[PDB]
Amino acid sequence: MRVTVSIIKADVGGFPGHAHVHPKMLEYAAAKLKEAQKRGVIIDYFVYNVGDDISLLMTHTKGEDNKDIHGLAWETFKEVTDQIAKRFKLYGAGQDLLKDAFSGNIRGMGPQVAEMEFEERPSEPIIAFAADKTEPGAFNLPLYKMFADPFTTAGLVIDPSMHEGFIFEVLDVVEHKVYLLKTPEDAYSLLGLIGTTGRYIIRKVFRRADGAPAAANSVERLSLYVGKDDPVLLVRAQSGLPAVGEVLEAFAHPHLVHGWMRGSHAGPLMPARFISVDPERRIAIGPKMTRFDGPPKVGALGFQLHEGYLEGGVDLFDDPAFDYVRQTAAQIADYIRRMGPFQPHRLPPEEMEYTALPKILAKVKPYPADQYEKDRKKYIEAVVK
Amino acid sequence: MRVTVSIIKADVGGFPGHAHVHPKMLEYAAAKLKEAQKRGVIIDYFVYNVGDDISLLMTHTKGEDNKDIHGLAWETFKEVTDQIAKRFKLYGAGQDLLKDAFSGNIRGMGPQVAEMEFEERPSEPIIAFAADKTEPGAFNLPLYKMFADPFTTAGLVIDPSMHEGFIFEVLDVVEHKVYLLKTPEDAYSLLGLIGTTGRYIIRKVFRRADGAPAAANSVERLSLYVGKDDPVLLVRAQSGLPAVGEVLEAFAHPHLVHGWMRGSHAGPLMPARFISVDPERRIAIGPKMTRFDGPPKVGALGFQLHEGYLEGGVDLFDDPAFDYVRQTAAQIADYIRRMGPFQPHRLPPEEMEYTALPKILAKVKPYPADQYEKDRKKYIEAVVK
Amino acid sequence: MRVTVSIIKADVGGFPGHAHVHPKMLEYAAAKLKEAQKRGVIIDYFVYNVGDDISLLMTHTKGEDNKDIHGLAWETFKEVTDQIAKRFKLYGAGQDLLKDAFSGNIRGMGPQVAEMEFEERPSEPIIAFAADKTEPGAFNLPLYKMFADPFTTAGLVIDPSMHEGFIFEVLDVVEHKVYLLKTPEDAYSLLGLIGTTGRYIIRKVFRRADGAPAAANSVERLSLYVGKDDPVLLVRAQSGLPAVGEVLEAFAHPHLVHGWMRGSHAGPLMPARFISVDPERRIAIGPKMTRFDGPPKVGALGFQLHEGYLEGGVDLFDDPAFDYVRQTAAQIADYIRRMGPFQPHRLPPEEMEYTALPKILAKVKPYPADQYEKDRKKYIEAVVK
Amino acid sequence: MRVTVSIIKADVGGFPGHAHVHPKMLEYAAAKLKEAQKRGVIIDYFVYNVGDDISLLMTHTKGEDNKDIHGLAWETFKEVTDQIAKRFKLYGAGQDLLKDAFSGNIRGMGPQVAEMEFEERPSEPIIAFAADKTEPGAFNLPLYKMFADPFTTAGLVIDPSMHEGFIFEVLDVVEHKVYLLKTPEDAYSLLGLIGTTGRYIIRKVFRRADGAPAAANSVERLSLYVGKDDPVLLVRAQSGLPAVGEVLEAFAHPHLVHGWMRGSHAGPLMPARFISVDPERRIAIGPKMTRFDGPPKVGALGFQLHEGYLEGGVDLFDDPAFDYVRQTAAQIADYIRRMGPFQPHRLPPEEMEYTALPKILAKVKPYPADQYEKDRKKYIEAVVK
Amino acid sequence: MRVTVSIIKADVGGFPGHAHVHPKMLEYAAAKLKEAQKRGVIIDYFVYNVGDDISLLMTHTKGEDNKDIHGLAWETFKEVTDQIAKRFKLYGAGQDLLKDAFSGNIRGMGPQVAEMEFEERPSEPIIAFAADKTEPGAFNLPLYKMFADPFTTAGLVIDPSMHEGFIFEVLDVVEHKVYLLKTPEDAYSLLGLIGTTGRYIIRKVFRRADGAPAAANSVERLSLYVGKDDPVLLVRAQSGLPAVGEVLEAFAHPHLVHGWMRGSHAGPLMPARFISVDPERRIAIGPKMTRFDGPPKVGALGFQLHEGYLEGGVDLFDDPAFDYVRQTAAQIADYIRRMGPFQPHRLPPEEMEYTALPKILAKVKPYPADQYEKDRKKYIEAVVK
Ligand SMILES: O=C(CO)[C@@H](O)[C@H](O)[C@H](O)COP(=O)(O)O
Ligand SMILES: O=C(CO)[C@@H](O)[C@H](O)[C@H](O)COP(=O)(O)O
Ligand SMILES: O=C(CO)[C@@H](O)[C@H](O)[C@H](O)COP(=O)(O)O
Ligand SMILES: O=C(CO)[C@@H](O)[C@H](O)[C@H](O)COP(=O)(O)O
Ligand SMILES: O=C(CO)[C@@H](O)[C@H](O)[C@H](O)COP(=O)(O)O
Ligand SMILES: [Mg+2]
Ligand SMILES: [Mg+2]
Ligand SMILES: [Mg+2]
Ligand SMILES: [Mg+2]
Ligand SMILES: [Mg+2]
Ligand SMILES: [Mg+2]
Ligand SMILES: [Mg+2]
Ligand SMILES: [Mg+2]
Ligand SMILES: [Mg+2]
Ligand SMILES: [Mg+2]
């Protein structure tokens, strides 16, 4: 049977600040999706946060870009906002709900969507990722590695079934143009684009052999505001797609990503454990953001699908081998924070979410550099006097 | 609505020694404040310890320096002392209750108070800190960093709303004089004072733009005895005040503070997790003090206020990034302990809580240095013989 | 009131091997002491293991060397042995029960005893230690440091009340002679003795000011067999005796001790956490011994006494500062194990519990060195041929 | 007497690649300046490289922007290029000599100039810095710290003579505008600018008390090509200007700078020792650039001036305390290199010296994102087929 | 024969700043002492610096406090100052020469003296230490350890000849009183004094058995200015005095000392190698001070005396085992520097060499704390307006 797997994610209020969510928000959302499942709107679901972002993972058979599934998520986030976030005056209450009225598609209204529809395989392992305090381009490096780096994914070399490579759908979120690039042959052009992680973002990946969907990352064109929102990512694994371990090895170097405090810094992406995972209640509580509102973290939950039911989730960063990677991230976060307000720890001026540069340039007197050069002595004496 | 948030803290007995508190003390205190809330004396509360210090965090609408709120805390500490501490003969039972009679204000009677009154914001995130085995000046470095160091708080540079800086109310606890200093322009004079952490202590911070209260640290003038008592600190966060993460980044270097064993040493301030946090029972059990009666530790609990109700607490040092900072603190504590009884690990002689210097100078014969110089040979032969 | 605090400890069976105890043994022992308390034989108790050693900590008013208290422990160990250890065929079942008949004093029959009687102070904090896989002399270094090293115990310098020092009762377990040495003046003679940790063992420490008992270590003269048994130690803290933190700082360097595999090696003494502590059930489950049957570990439980009741225990090695000390111990255990069967990792030949040296010397032909020297060529050709 | 100190620096050929210089280039330059000194054009000189950049440090009394001193440097670089670099076909031979004809001022022709004129003090300590594989903005963080960060420069707090702060002359190298900002009061506006290290660069610093020149960094407006060239920096120290140690502490965190391979990456600025320093021959040979053409490194040579003579140079990064800082840099260089071609290790697309983005966008077919969305299925089948 | 060994030390100019000395200063001094030796004023000599301090080590038979030997050192420092330091305008030229006229004793005029006279033993090993950027009390911890800590000096326990202990001559440099304390019995009183390292300084140590001089540290009463000057120390070793290795083990923990930048900070004492040692030329060139004008460093040169001739020096910190101790010091220097201007990294306000506190208190308005409390609202609105 064909099944659609959809993650729709929003931040509708933090607890406190942007550090985490209130657990009643997850409880409320899971009860609301349980009602939808009882009415047959969806097959199954799982609700979890990383940081202050709540992901609703739903399986159903309504296809991609479905108004009832997008509406179901919109209504769930709206009811969490009104019943829980506003009641407790949580910080950024209703943050991502950027219009008053659901139009039919949630995309572009602030919440993030990653969805894929496909024929469910004889075994259908999937991993759902959620990252807080970063941008969709944070996943460009991991997605490149797991589908195209032979130092990550051994199947590309030793699995005759993966030898043909993958097709990357890259969105330029500035000029709203899509590029299709095929690895291995296009690897250098692909990297020329997706190295600029705030502009060219991997949105989908397909298998070259048959066109099978292999991953979907939440990204939308930029709007004024919308589009740097913390991402979610779905990846299908095994049987000609990277193994669960190849997918996870792509996160084993905690690379620098853009986001962290005020959406205006670079820090390491720490692969973090969930605080708790309750497969019966369908809820997992992810990690907090603490120093400097981070560092940015990604959680990974694995599932096996059957007739669209989700058995899981399993926390896939829960291994002492990943504690080495967390320790690396914690040490790099301390090193780079000693740079304070300077690039490249602070982001390039086009890329920062916060700036006071207008206020500064309104108050600080400029001198044409040619004129200034003749009168430097006079200008300095003025300041000294 | 206007709300007052008050932390009133005392050590009324340790378990064992000064290492921790007995959990029935927290249970007793929480039941007593639940009774006060049922009678409308306060709105909400949370009870927790770090080390052997119990903090009562209360919200109410009676304003600062209120005799009913101070009396409520005095009576709670007295009843814990008589019903629990004295019954179990805990160490330092009733330690901080330094008179027999409540006068109307608890300040100066040994317990520590940090309180702020303000109009509750549309979202009102706050963090309550408690440190054991140190002095109020332990928070001078973090408070300076979060309100005035652009390497800690990125908002000072990139948040046009914070660009105007902050006003620090500094108490000279020796001569009982208050200084008001404004950053950025007064940063060097401010530091000239608050670097001497046992004399000039930040007591309050206000926002320069509007005068909004931003933090309150527990400190009182010194008395003979009173005033070096382990501190508590309230900080309001976000929206023109430092983000929760900027506040927490100010604790991410575990700097040396005065206190530790016998109130007479310097060691690193470790940002520690709570052992447990129970938002329903309104109780959190903080960390123990072990080697050398420490090292000194600070706990951080975040809340969101609504109509004065406290949703929380959330332990905000609970992140693998802070395990790097705890490991740093544990290594520095071992290094500096190899210095034993010598300055600067032992404190300056004016600053130590314990001394045997009177007993020594009564028993060891002095020689005027001029006279001694002629007869050194004779004095040495005397000792040898 | 005068109270006696007694720890009586035995290994009556391990689970598996010598790695740990079976939890039903602790359950059985705690129920048996609950019966004794109901009959008024003792006031209170706490039962715990470290490794394969079970400590029964009892408070009572029958004094030191009491036959009913020693008999109570003997009967408890015998009933655990017959009902639990022999039933499950645990390893070393009844190991320490070295006669068939209780004579009146358990000392010298294999179990270890540390006891002190004193007037209960207005606050009476005590710490009970238990070490597995080592000998009573393992505590010589910590006991020396906490009572006589000014780099450990700051009170010796800055606490006029501790300035007069301490009296150490040292047992020569070979020639059965007792030495009384007073610090500071006798420190170098004391160390000349107790540096030889398998022969001269600190058995008791008293305060010099008033003769108050301050510590008691389990040690008995050596017998043939008996006396190297894993020790237990009681220390009273505070108020002119070292602070709880000074006692614990004496364990903050994980020094090399004798014991570990086969009672025949040297390894670092790791200060370990308990797996669980249940003050209601009166039971704590201590750490396992794993690589090479260790490394040797010590647990520390703190209590406050009141009318002889034991409020506690509190695990006093439970602090991230001691995780640095555990990591040091884990690294030193790996380094020293690469030495295999050579001194000083293997113990001196008089000091090892296991030897095959008789079997070797019976099978390997000796040559008088003078004779051998003339005929070396001939003897080598013989072996080669 | 008034003296001018001028550093004029160029890369006229590397050995091999951009890794180092050929030692005969330094020999040639030192002999040429010895001839100039004999003819009285300059007072004294010192010639050194860091990486593939040669600095000519000259003292003289001709003032700033002098055509004979600039011409002397131009002719020296031209003669090194023709006699040495072209003869040995060194890599980038004559790289920085960007016209055929000296116009009168070397600035803007590719070589870098930092110069200051002042009355020589009763003691006149100066430090000359040279960095390879980075841009003038690499010194923005150190210059900010040594003149305005009280965590670097203790004199700002405890030296009543430095309390008044400093005046920073900041050049916008894009729009050719100069800003004058005074610390402490302007610190946050200053940082708002100079955090964008590729656009707003500290060019000079003056003392606020008297207007004394305190530092000069080599920077020129950007041209098409010119202006990101590896910088040189002169700093005067002591007596109301930061101490030599305060200047050096500003380099003790090896922060990330822009440059490294292909002028297109971010890596840590390692404070490196010179390979050799010969005060008699007036030559020092600085460090090589190796992995990934770096990491970027800065050398520091201290001098004392007398009547314009240069006694020195002294390598001021030669201390085991700075080996910790080099080890930190070597570990961060290995961590960040695992990011390969992705921001923020690769620079923002406006900021990179190399790009192939034109070639890519000429070869990779774009799809308008709206059109693509309808036909995704068709486009993927096309690629698969 | 009786011989006197005298170290007389001064800083007469740094190169650059306070980082090092100019090598011609050492050359000049060694030639001047060679002339004195040819004229029979002294027997032998050795000249060396650590940092910006030059030590003249001389052997002779004129006894302690000799005007010709003190005058010889004064004249050597004066001639270095006039011929070398002033000629090159070195920083702090003539710094320690605090009068115009030699009175007969150099002590108290700024230079530091440590001298001992004794019958030369059948073998006479001595070590000369010099520390820069700290105070004479920096040696209190090492001198205590090598003569009184049995964890440093094994001879105190296992050398029947050292069992009787040592006599410490302690100078109170504030009230000008001398204390004589004998270890082991007086260890706790001694530490009560010499833990306050800026007030009670070990000046001499003698052997208890016979009164033999064992060490002499340079310290003088404080004057206004004089007395915190960087110290020098002579220690005799072996044969009932600590072994060379016991002396050196007392420096193997790089403890925190007072001094470093501006004489106003605490940092670790790094045991450093000499850059070069030339026994023929009688010169050694010690280490530089770099970050933050340090960290503070101590050098150790060993000699064997024969008829007063000095065979040596040997650098006794030159061993890979001490590279661990240097790495520890380099890491602690980086940790503690992140504290910036706060105690205990900055010194107590009585103890700092630099302060701007007068200037601050002249400019910052105080409010009596009682009055301020009523009008806080008004004062804050004033600042905000
Ligand atoms: O079982 C193992 C190894 O023994 C796994 O490492 C699989 O080989 C891998 O996950 C690829 O499995 P397929 O996707 O090829 O089935
Ligand atoms: O959401 C993020 C980043 O994406 C946080 O880092 C906030 O930017 C920060 O906490 C300041 O928030 P305000 O106080 O300005 O609302
Ligand atoms: O409270 C503190 C420090 O503030 C403890 O370090 C005690 O000073 C110490 O445990 C000795 O306490 P006494 O035994 O002297 O009562
Ligand atoms: O030779 C060794 C060891 O083999 C040295 O460690 C000496 O034992 C030590 O230096 C004390 O020597 P004395 O001062 O007792 O002669
Ligand atoms: O001598 C020392 C410390 O003893 C140096 O740290 C100087 O204090 C510092 O270099 C500032 O010197 P000035 O610039 O104030 O002269
Ligand atoms: Mg948020
Ligand atoms: Mg988020
Ligand atoms: Mg207490
Ligand atoms: Mg306390
Ligand atoms: Mg056993
Ligand atoms: Mg055992
Ligand atoms: Mg080049
Ligand atoms: Mg270059
Ligand atoms: Mg000097
Ligand atoms: Mg000096």
# chains A, B, ... in the order shown; residues from 1 in each chain; ligands from 1

$ residues_near_ligand --ligand "ligand 4" --cutoff "7 Å" --atoms "only C-alpha atoms and all ligand atoms" --output "compact mmCIF listing (two decimals) with N, CA and C atoms, in the first residue's frame"
# COMPACT_ATOMS: atom_id res chain seq x y z
N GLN E 238 71.26 17.99 50.14
CA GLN E 238 71.83 16.65 50.46
C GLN E 238 72.46 16.54 51.89
N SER E 239 72.68 15.28 52.23
CA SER E 239 73.46 14.95 53.47
C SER E 239 72.78 15.54 54.70
N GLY E 240 71.49 15.18 54.93
CA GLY E 240 70.75 15.74 56.09
C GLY E 240 69.97 17.00 55.75
N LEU E 241 70.16 17.49 54.54
CA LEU E 241 69.34 18.61 53.99
C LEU E 241 68.62 17.91 52.82
N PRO E 242 67.48 18.49 52.40
CA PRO E 242 66.74 17.76 51.35
C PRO E 242 67.61 17.52 50.15
N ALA E 243 67.38 16.34 49.52
CA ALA E 243 68.10 15.98 48.27
C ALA E 243 67.77 17.01 47.20
N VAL E 244 68.62 17.18 46.21
CA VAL E 244 68.30 18.03 45.03
C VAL E 244 66.91 17.68 44.53
N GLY E 245 66.58 16.41 44.48
CA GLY E 245 65.23 16.04 43.92
C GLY E 245 64.11 16.39 44.84

$ interface_residues --of "chain B" --to "chain A" --cutoff "8 Å" --atoms "only C-alpha atoms" --output "JSON, numbers by chain"
{"B": [122, 123, 124, 125, 126, 150, 151, 152, 154, 157, 158, 159, 160, 237, 238, 243, 244, 245, 246, 247, 248, 249, 252, 302, 303, 304, 305, 306, 311, 314, 316, 317, 318, 319, 320, 321, 322, 323, 324]}

$ residues_near_ligand --ligand "ligand 15" --cutoff "9 Å" --atoms "only C-alpha atoms and all ligand atoms" --output "ChimeraX atom specification"
/E:10-11,14,18-20,50-54,131-134,229-231

$ write_last_selection --atoms "N, CA and C atoms" --output "JSON list (two decimals), in the first residue's frame"
[["chain", "number", "residue", "atom", "x", "y", "z"],
["E", 10, "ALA", "N", 68.53, 42.45, 40.47],
["E", 10, "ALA", "CA", 67.80, 43.71, 40.23],
["E", 10, "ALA", "C", 67.22, 43.61, 38.84],
["E", 11, "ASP", "N", 66.18, 44.40, 38.69],
["E", 11, "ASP", "CA", 65.68, 44.69, 37.33],
["E", 11, "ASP", "C", 66.12, 46.13, 36.98],
["E", 14, "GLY", "N", 64.06, 46.34, 30.94],
["E", 14, "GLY", "CA", 63.49, 45.19, 30.18],
["E", 14, "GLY", "C", 63.49, 45.40, 28.68],
["E", 18, "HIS", "N", 58.55, 44.54, 30.16],
["E", 18, "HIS", "CA", 59.11, 43.75, 31.27],
["E", 18, "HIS", "C", 59.28, 42.27, 30.87],
["E", 19, "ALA", "N", 59.45, 42.05, 29.57],
["E", 19, "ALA", "CA", 59.36, 40.65, 29.10],
["E", 19, "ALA", "C", 60.65, 39.87, 29.24],
["E", 20, "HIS", "N", 61.82, 40.58, 29.18],
["E", 20, "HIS", "CA", 63.08, 39.84, 29.14],
["E", 20, "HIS", "C", 64.20, 40.87, 29.40],
["E", 50, "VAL", "N", 65.91, 35.71, 34.84],
["E", 50, "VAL", "CA", 64.59, 35.03, 34.52],
["E", 50, "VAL", "C", 63.67, 36.21, 34.26],
["E", 51, "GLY", "N", 63.07, 36.26, 33.05],
["E", 51, "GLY", "CA", 62.26, 37.48, 32.78],
["E", 51, "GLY", "C", 63.19, 38.71, 32.69],
["E", 52, "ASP", "N", 62.71, 39.76, 33.32],
["E", 52, "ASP", "CA", 63.46, 41.03, 33.27],
["E", 52, "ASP", "C", 64.31, 41.21, 34.53],
["E", 53, "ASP", "N", 64.56, 40.14, 35.27],
["E", 53, "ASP", "CA", 65.40, 40.25, 36.49],
["E", 53, "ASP", "C", 66.73, 39.62, 36.30],
["E", 54, "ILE", "N", 67.81, 40.37, 36.61],
["E", 54, "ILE", "CA", 69.18, 39.82, 36.49],
["E", 54, "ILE", "C", 69.69, 39.45, 37.90],
["E", 131, "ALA", "N", 62.75, 33.91, 40.52],
["E", 131, "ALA", "CA", 61.35, 33.94, 39.95],
["E", 131, "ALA", "C", 61.05, 35.33, 39.44],
["E", 132, "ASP", "N", 60.36, 35.49, 38.30],
["E", 132, "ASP", "CA", 59.96, 36.81, 37.88],
["E", 132, "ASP", "C", 58.41, 36.88, 37.97],
["E", 133, "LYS", "N", 57.95, 38.12, 38.12],
["E", 133, "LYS", "CA", 56.53, 38.46, 38.18],
["E", 133, "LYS", "C", 55.83, 37.86, 39.38],
["E", 134, "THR", "N", 56.54, 37.90, 40.54],
["E", 134, "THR", "CA", 55.87, 37.49, 41.76],
["E", 134, "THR", "C", 56.62, 38.10, 42.96],
["E", 229, "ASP", "N", 59.45, 42.95, 45.48],
["E", 229, "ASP", "CA", 60.23, 42.79, 44.35],
["E", 229, "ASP", "C", 60.47, 41.27, 44.08],
["E", 230, "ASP", "N", 60.64, 40.95, 42.82],
["E", 230, "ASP", "CA", 60.71, 39.51, 42.36],
["E", 230, "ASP", "C", 61.89, 38.85, 43.10],
["E", 231, "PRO", "N", 61.68, 37.68, 43.67],
["E", 231, "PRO", "CA", 62.66, 37.09, 44.60],
["E", 231, "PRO", "C", 63.71, 36.19, 43.98]]

$ select_by_dssp --residues "stretch 230-311 of chain E" --states "strand (DSSP E)" --output "VMD selection string"
chain E and resid 232 to 236 256 to 259 265 to 268 270 to 271 276 to 278 283 to 285 297 to 306 309 to 311

$ residues_around --residues "residue E:205" --least-positions-apart "6" --cutoff "8 Å" --atoms "only C-alpha atoms" --output "number ranges by chain"
E: 166-169, 213-216

$ write_last_selection --atoms "N, CA, C and O atoms" --output "CSV table (one decimal), in the first residue's frame"
chain,number,residue,atom,x,y,z
E,166,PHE,N,63.4,21.2,61.1
E,166,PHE,CA,64.0,22.4,60.7
E,166,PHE,C,63.4,23.6,61.4
E,166,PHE,O,62.3,23.5,62.0
E,167,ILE,N,64.2,24.7,61.3
E,167,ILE,CA,63.8,25.9,62.0
E,167,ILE,C,63.6,27.0,61.0
E,167,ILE,O,64.4,27.2,60.1
E,168,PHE,N,62.4,27.6,61.0
E,168,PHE,CA,62.0,28.6,60.0
E,168,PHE,C,62.1,30.0,60.6
E,168,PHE,O,61.4,30.2,61.6
E,169,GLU,N,62.8,30.8,60.0
E,169,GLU,CA,62.8,32.3,60.4
E,169,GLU,C,61.9,33.0,59.5
E,169,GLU,O,62.1,33.1,58.2
E,213,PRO,N,72.9,26.5,58.3
E,213,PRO,CA,71.9,27.2,57.3
E,213,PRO,C,71.6,26.3,56.2
E,213,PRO,O,72.4,25.7,55.5
E,214,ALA,N,70.3,26.3,55.8
E,214,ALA,CA,69.8,25.4,54.8
E,214,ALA,C,69.2,26.2,53.6
E,214,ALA,O,69.4,25.8,52.5
E,215,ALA,N,68.6,27.3,53.9
E,215,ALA,CA,68.1,28.2,52.7
E,215,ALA,C,68.0,29.6,53.1
E,215,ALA,O,67.9,30.0,54.3
E,216,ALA,N,68.0,30.5,52.1
E,216,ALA,CA,67.8,31.9,52.3
E,216,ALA,C,67.1,32.5,51.2
E,216,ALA,O,67.4,32.3,50.0

$ atom_distance --atom1 "atom CA of residue C:110" --atom2 "atom CA of residue C:96"
4.9 Å

$ atom_distance --atom1 "atom CA of residue B:309" --atom2 "atom CA of residue B:275"
23.7 Å

$ atom_distance --atom1 "atom CA of residue D:251" --atom2 "atom CA of residue D:73"
28.2 Å

$ residues_around --residues "residue B:109" --least-positions-apart "3" --cutoff "7 Å" --atoms "only C-alpha atoms" --output "PyMOL selection string"
chain B and resi 97-99+106

$ select_by_dssp --residues "stretch 137-337 of chain D" --states "alpha helix (DSSP H)" --output "ChimeraX atom specification"
/D:140-148,155-158,187-194,244-249,320-337

$ residues_around --residues "residue E:66" --least-positions-apart "5" --cutoff "10 Å" --atoms "only C-alpha atoms" --output "ChimeraX atom specification"
/E:6,61,71-72,104-106

$ write_last_selection --atoms "N, CA and C atoms" --output "CSV table (one decimal), in the first residue's frame"
chain,number,residue,atom,x,y,z
E,6,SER,N,76.3,34.6,47.7
E,6,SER,CA,75.4,35.7,47.7
E,6,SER,C,74.8,35.8,46.3
E,61,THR,N,84.6,35.3,50.4
E,61,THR,CA,84.8,34.9,51.8
E,61,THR,C,84.7,36.2,52.7
E,71,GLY,N,78.3,46.5,47.5
E,71,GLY,CA,78.7,47.6,46.6
E,71,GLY,C,79.1,47.2,45.2
E,72,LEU,N,79.8,46.0,45.1
E,72,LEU,CA,80.2,45.5,43.8
E,72,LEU,C,78.9,45.3,43.0
E,104,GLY,N,76.0,51.4,51.9
E,104,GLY,CA,76.8,50.3,52.5
E,104,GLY,C,76.1,49.0,52.5
E,105,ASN,N,74.7,49.0,52.5
E,105,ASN,CA,74.0,47.7,52.4
E,105,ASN,C,72.9,47.9,51.3
E,106,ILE,N,72.8,47.0,50.4
E,106,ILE,CA,71.9,47.2,49.2
E,106,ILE,C,70.4,46.9,49.6

$ residues_around --residues "residue D:26" --least-positions-apart "6" --cutoff "9 Å" --atoms "only C-alpha atoms" --output "number ranges by chain"
D: 47-49, 54, 80, 283-285
